[PDB]
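Q: Here is my input; please provide its structure:
(6 chains)
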Amino acid sequence: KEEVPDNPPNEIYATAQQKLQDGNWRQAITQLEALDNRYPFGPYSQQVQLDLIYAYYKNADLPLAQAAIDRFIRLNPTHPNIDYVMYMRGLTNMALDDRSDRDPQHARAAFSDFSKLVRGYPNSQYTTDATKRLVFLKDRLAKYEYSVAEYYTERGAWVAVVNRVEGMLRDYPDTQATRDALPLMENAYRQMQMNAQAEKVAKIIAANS
Amino acid sequence: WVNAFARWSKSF
Amino acid sequence: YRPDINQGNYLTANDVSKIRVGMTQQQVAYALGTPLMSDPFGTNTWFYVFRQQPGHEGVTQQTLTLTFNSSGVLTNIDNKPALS
Amino acid sequence: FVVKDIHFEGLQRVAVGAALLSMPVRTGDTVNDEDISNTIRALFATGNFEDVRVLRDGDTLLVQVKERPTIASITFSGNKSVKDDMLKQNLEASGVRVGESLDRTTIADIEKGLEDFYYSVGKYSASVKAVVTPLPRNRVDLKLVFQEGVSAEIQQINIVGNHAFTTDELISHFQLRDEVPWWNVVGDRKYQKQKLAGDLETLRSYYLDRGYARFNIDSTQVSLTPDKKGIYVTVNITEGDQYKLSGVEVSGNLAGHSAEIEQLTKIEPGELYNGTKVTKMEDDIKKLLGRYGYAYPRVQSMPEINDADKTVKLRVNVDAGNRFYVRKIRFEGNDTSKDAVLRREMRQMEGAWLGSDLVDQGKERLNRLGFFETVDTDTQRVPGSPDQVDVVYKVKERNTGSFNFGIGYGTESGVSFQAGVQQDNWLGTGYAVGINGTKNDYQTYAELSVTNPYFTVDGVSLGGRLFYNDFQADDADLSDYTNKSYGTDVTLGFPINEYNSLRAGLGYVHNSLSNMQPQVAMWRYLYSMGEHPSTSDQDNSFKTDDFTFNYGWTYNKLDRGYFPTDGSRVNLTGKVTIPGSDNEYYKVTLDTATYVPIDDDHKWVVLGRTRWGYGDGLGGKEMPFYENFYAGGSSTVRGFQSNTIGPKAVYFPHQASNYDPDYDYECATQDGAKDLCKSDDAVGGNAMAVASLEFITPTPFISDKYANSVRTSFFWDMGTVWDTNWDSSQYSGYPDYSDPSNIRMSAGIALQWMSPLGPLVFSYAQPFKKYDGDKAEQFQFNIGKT
Amino acid sequence: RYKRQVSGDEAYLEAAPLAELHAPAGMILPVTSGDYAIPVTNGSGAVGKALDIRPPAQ
Amino acid sequence: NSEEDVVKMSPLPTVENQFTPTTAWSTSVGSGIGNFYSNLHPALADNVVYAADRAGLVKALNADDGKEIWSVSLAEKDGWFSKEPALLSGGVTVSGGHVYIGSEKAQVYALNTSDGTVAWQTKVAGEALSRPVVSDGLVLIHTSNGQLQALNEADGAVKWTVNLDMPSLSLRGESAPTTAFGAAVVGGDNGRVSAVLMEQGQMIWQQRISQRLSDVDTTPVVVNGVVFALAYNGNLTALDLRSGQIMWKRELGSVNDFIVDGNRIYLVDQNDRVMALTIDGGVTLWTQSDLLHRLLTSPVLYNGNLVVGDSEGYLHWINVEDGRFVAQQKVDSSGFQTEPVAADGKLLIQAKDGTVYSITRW
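A: Numbering: from 1, shown residues only, chains lettered A, B, ... in the order given. You can find the structure just below:
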């Protein structure tokens, strides 16, 4: 069962790196776990933990990656390459999220992680991809809100529709899904005979499109 | 009358 | 074979008689409660809408619009007990 | 002693910074013996160091610490009656668990704690031994060996101070038991505090139900024999007189609903006091108040007791809070199903006033949906808002698709093969899809079906189906004819009410019939259809295409889905032909089932079943002879051979297509037949009527441990089936098959038992009446699923 | 399981841009609350399979 | 499925019989006491033996031939079908032509020795598991609820009651009070020995002689103004009669009654260890441990030899001077749980099945 002999850690590390380049990941998880357990305080324990993060991520063991990332950020809050850990945390959250009608909690966590990353170290190398993922997550959440509002429009509940569109305007004002929601709010206002609000919504619509 | 069956079900 | 559709604040028709011009927003909230809607487009106005629709019988809606001033003092009240 | 540097020796897990912080002494401060002792004690109290020695070198203060070995695993051996997981839970609760260190002086403490646990669970002679296995890198494994010994049981349960009721009757309702006859399994004879508390509560409730309000339990005593192998339990109580409920008074902020609360509080003066009724009235008042929005209508009831007249007057205080509105509704845990699927089952509307009953109904509907295992609800408060709340539903998903295959045997069916696949939630959308196939010695069947539950916002459902069938009646206990058909159907379904459902749809079918041996009824039907086949040889072919409209109603009100104790069920189905088709007819069928309990425990019960069916043609044509009804078997009337009751067959004298000696032929012209031959081969009819009455008894000799998986009953069933087109005048030499008065009756006994493999059923019946021509059978065995 | 194997390796998508909303005359749009804000970050790095996520050699 | 025990019962020792024991006679009683712990044991007074069972049957037999004189039942029957056993659990006491018996239903019965007619019946607080001690025209009863009650011999009415604290968990049994110098010394399940006055029940002094551990005095003894008390898993103690001050103690405990003769004390430990100690300092004179975990009964001093039963039913006569076994006999297979009765040169014993035996030697 993926037994690992008592070889020196150098050869273990070299073989693991070679297989990582080749594209085989399950092999090195046992190797690194054995190295950590046998040498909990080796001269390069931090590198061992980072490689564990990488192997767990690229081997589909997401919960283990999350736990290890939490432990690492607990132990070393000032490690020079700490933005990499936050980027990996965001990627793990996105992978768990894996379809805009499903629960968005993982999307919210990923957005929070990327927000911390971008606000922290603007001159890093993950910033551009971080923003490219942030825009995608923002659009995803906006579309989830849009779907809920559309369902409530079908149901016939107008107070809920107007409240949800107001929340969308207050939270995600610059996303495409928000421009397609103004007609819904105008219809909701008109159905309740609040024609002044409908006129204001029409003014807002006609001022952009 | 000996109506009998041996059927297995496996969730997928 | 459809459920009941309820929307908006619950108006007892007795609390609406306890509100007069000159009161503050806190007194109105205490007498009636927190409104479910407002006007987010700059001006401040409170809409108390009481709308109900039981299974295939019709829709009944009552509207109460309260317009305050910049100092949070009631200035105008409009009441519609039925919708045309 | 001034200190210029701090050095440590033996730190493996604890970082240098943590040790330095924990030390009251710090670099650059004077140190004496007292400070060194304080530091040593602090290191010892950390719980991660075994031995500590703080000495002074030439210039540096050197600390040698031998860390307690880190626990790597905890093994168990000898935990027969104690599960490993629960023992590990107890050990981690005590403090010792994986990842921590091992204290080499607390072994006795842990052993005595485990011995105390064994004493509590019942075993008093248990022994616990701890073995320590060192491993490199300062690791250790702690193994535990347990000698459980012998347990103790209750030898006598006695109650003192009771005169109205015998002790045996009271103990009969106690979870704890003192006698376990070998022929009955009433429960184990072990002692537990929880069971004792349950028994005390049951005794108190039993005394109160009879009006003994002043009932009071003086005390309880538990004793053990010197050998510590027997337990004796004694209860001292005091039973008083009864009391009467003089009346009820209500006072509080009823919010103008006083008129609607007096009716709830109405009672008959002089009625016996009862707390369950008071609780029910409080719940009813709470529900009435909540119907108008109020969420927390506090209700308190206090009895005033007059001993002179032995009367009880109930005072009710009602405090109605403020209305609470719902701001948001959130679903979490639906990683597969989309939001709408869960959101369309709700009864509470977002943005309206709150009602708890609606939340409970929504939870029940979600649980009934069948896509989830566990469902929980939470009502959180909005920070800062005194009248705003949010409702949150937490669910865990379950696998829904399935695939099945199997083989079986049957007396008349022969060897049967079956297979199928189904998916009840297609890509988390609610669509249902299924495919099935079956083959036995006389028929082949293939089926495909799709269904969409919500075709409309209200809940209308739309489904479609396609089928192919190929059947032969050679081994169906009927006449001989081969049929090959295929068709499609579309249907719409309406949930007209909670307990009622309606269905309406259209269908198309194509049929081909061949190998129709000469006969009376079939030839009459063919003549009605206009065809003119000869009565000499068996060689025929008949193809038809039909369009039909189908309708149906269902009513279900059972109190359980398995072994019901009370309820009813009704089903009605009907079919009509549309103009423009070769055939023209209508058909209707109805089924009814009912249950009735007798005793107050819903144990001895009565079951009634009825089944009716009738159909006929419209435009002077005749109903097809492959749509007839059949009665007789293990599902309609036991004691008779399958498909036996009904009209029999009559064959024309005809020459067989190929005659082979060493066999038999019915009315063979070659043999010399010249007149119609009567026989005993069932053909069927176009009218049916069956009824059945059964009496179900608890069990012969089994106990309450598994009383919910067996059933015994005695049944009496009657039935009949007939055809209303038989021409009696022309054929006066054969029985009258148009007489619906030849009712068959039979009686017997049956037993049923649910098993992990299947629902094994056995029955033995004896028909005390039967008309001539019908066979009979006694034993029915059903072993397996379908 | 199968789905999560797509995003990790190489799969990448790009959505529509972000456009500001104009406020007509005589009215002002609601407040934003600054809860989901994408701060502008300078620089031109690599994105979409051109970025190496192998651990740094430290 | 099997069973395991930490300890193992001692085997049956092989001892040559210096004197061959015999059995004078044996009588049968209905069901005896069964597998239920009880203090019900025979009694002897004026060449007649009174016996009883748990159901309620009571019989009188001759002390020489065992012939039955009279018999009477105490189980009330609601006709010819119903019959509720009285559940007798109190030691039969004989005094002044009166027979005192206890029951598990908090009922104490006084019967006449002539025709077996109930002299009276009294209701007590709880179960009466103690011997109905008789002294100074009063009947002392110790109940399972810790209530020591004084009844009237002629009337049976309760005169006074003393409440004794009890622990949550306690052994099945009660201590029998001993009367001396106008004072009754009793013990409870709490491990405390108390002295009371029979006139009004006033408590004189209370002393603790203990060491989830339980302790029961179980009928201490008094001699020459010195009270010797024994507890369960505690310490044997000697106390002053008028003050209760402890002058000496010993690290041992048991429940079965011990005996004191001359300047020696013979006691069987809870582990079935027959030990003879002195009376002044408690120094052990000799010990015998060949009957370990044999569930021995209370020893009886007959003709200068200690007679002790066992669960297996083997009756052992052992020397007192040194502790060497002097004889062994097999009597019944049911077993012996109740203490024997030695008096008037007669040794009467009762088994769990109620079969009373009279033992003689020749």
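Q: Smallest gap between chain B and chain A, at which residue?
A: Chain B approaches chain A most closely through residue B:12 (20.1 Å), counting by CB to the nearest CB. No exception for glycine: its C-beta is placed from N, CA and C like everyone else's.
Q: and if you look at chain C?
A: Counting by CB to the nearest CB, chain C gets nearest to chain A through residue C:7 (4.5 Å).
Q: and that residue, what does it touch?
A: A:157, A:158, A:159, A:160, C:49, C:51, C:52, D:349, D:351, D:352 (CB atoms under 8 Å, 6 or more residues apart in numbering or on different chains).
Q: what's the burial count for the residue of chain B closest to chain A?
A: Residue B:12 is flanked by 11 other residues according to other CB atoms under 10 Å in any protein chain shown.
Q: If I follow the layout properly, it ends up in contact with residue D:403?
A: Yes: judged on CB atoms under 8 Å, residue B:12 makes contact with residue D:403 at a distance of 5.2 Å.
Q: contacting residues around the residue of chain B closest to chain A?
A: Residue B:12 touches D:399, D:401, D:402, D:403, counting by CB under 8 Å, 6+ apart.
Q: wait, the first one sits on residue D:336?
A: Looking back up the chat, that one is residue D:399. No: with contact defined as CB under 8 Å, residue D:399 and residue D:336 do not form a contacting pair (10.0 Å).
Q: more crowded one of the two?
A: Neighbour count, other CB under 10 Å: between residue D:399 and residue D:336, residue D:336 has more, with 16 against 11.
Q: my hunch is that the more buried one is in a strand, does that hold up?
A: No: assigned with DSSP: H, G, I helix; E, B strand; the rest coil, residue D:336 falls outside any strand and is coil.
Q: From what I see, it and residue D:395 are in contact.
A: No: using CB under 8 Å, residue D:336 makes no contact with residue D:395, being 10.8 Å away.
Q: How many residues are close by the closest residue to residue D:500 other than its chain neighbours?
A: Closest residue to residue D:500 apart from its sequence neighbours, by CB to CB, 6 or more residues apart in numbering or on different chains: residue D:555 at 5.4 Å. Neighbourhood size, residue D:555 [other CB under 10 Å]: 15.
Q: With residue A:2 instead?
A: 10.
Q: Phi first, then psi, for the nearest residue to it once chain neighbours are set aside.
A: Leaving aside its sequence neighbours, residue A:2 sits nearest to residue A:30 (CB to CB, 6+ apart; 4.6 Å). With angles defined as degrees, to the nearest 10, residue A:30 sits at phi -60, psi -40.
Q: show me the contacts for residue A:30.
A: By CB under 8 Å, 6+ apart, the contact set of residue A:30 is A:2, A:3, A:4.
Q: go again using 10 Å as the cut-off
A: Residue A:30 sits next to A:1, A:2, A:3, A:4, A:12, A:16, A:55 when contact means CB atoms under 10 Å, 6 or more residues apart in numbering or on different chains.
Q: Could you export those residues as JSON lines, including secondary structure?
A: JSON lines is the format used below for the contacts of residue A:30 (three-state DSSP):
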{"residue": "A:1", "secondary structure": "coil"}
{"residue": "A:2", "secondary structure": "coil"}
{"residue": "A:3", "secondary structure": "coil"}
{"residue": "A:4", "secondary structure": "coil"}
{"residue": "A:12", "secondary structure": "helix"}
{"residue": "A:16", "secondary structure": "helix"}
{"residue": "A:55", "secondary structure": "helix"}
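Q: To what extent is the residue of chain E found nearest chain C buried, counted in neighbours?
A: Nearest residue of chain E to chain C: residue E:30, at 4.3 Å (CB to the nearest CB). Per other CB under 10 Å, the neighbour tally for residue E:30 reads 15.
Q: Okay, and it sits in which element?
A: Residue E:30 is part of no helix or strand, with elements assigned from DSSP states H and E.
Q: which SS class is the residue nearest the centre of chain B?
A: Nearest to the geometric centre of chain B sits residue B:7, at 2.1 Å (CA atoms, centre = their mean). Here residue B:7 is strand, with the state taken from three-state DSSP.
Q: Run through the bridge partners of it.
A: Residue B:7 has these beta-bridge partners by DSSP bridges: residue D:406.
Q: where does chain C come near chain A, residue by residue?
A: With CB under 10 Å from any CB of the partner chain as the criterion, chain C meets chain A at residues C:2-3, C:5-9, C:36-42, C:45, C:47, C:49, C:51, C:53, C:59, C:61, C:63, C:65, C:80, C:83-84.
Q: Now which of the residues you listed would you call buried?
A: Neighbour-count burial (16 or more other CB atoms under 10 Å in any protein chain shown) is assigned, among the residues of chain C next to chain A, to C:3, C:5-9, C:36-37, C:39-41, C:45, C:47, C:49, C:51, C:53, C:61, C:63, C:65.
Q: how about residue A:147, secondary structure?
A: Residue A:147 falls in the helix class when you classify it by three-state DSSP.
Q: From residue A:99, how far off is it?
A: Separation of residue A:147 from residue A:99 (CB to CB, to the nearest Å) stands at 11 Å.
Q: okay, and the common contacts of these two?
A: Shared contacts of residue A:147 and residue A:99, defined by CB under 10 Å, 6+ apart, are found at residue D:338.
Q: So which of the two has more stuff around it?
A: Using other CB under 10 Å as the criterion, residue A:147 and residue A:99 rank with residue A:147 on top: 16 against 12.
Q: wait, what's in contact with the residue nearest to residue D:500?
A: For residue D:555, the contact set (CB under 10 Å, 6+ apart) comprises D:496, D:497, D:499, D:500, D:501, D:568, D:569, D:570, D:571, D:572, D:592.
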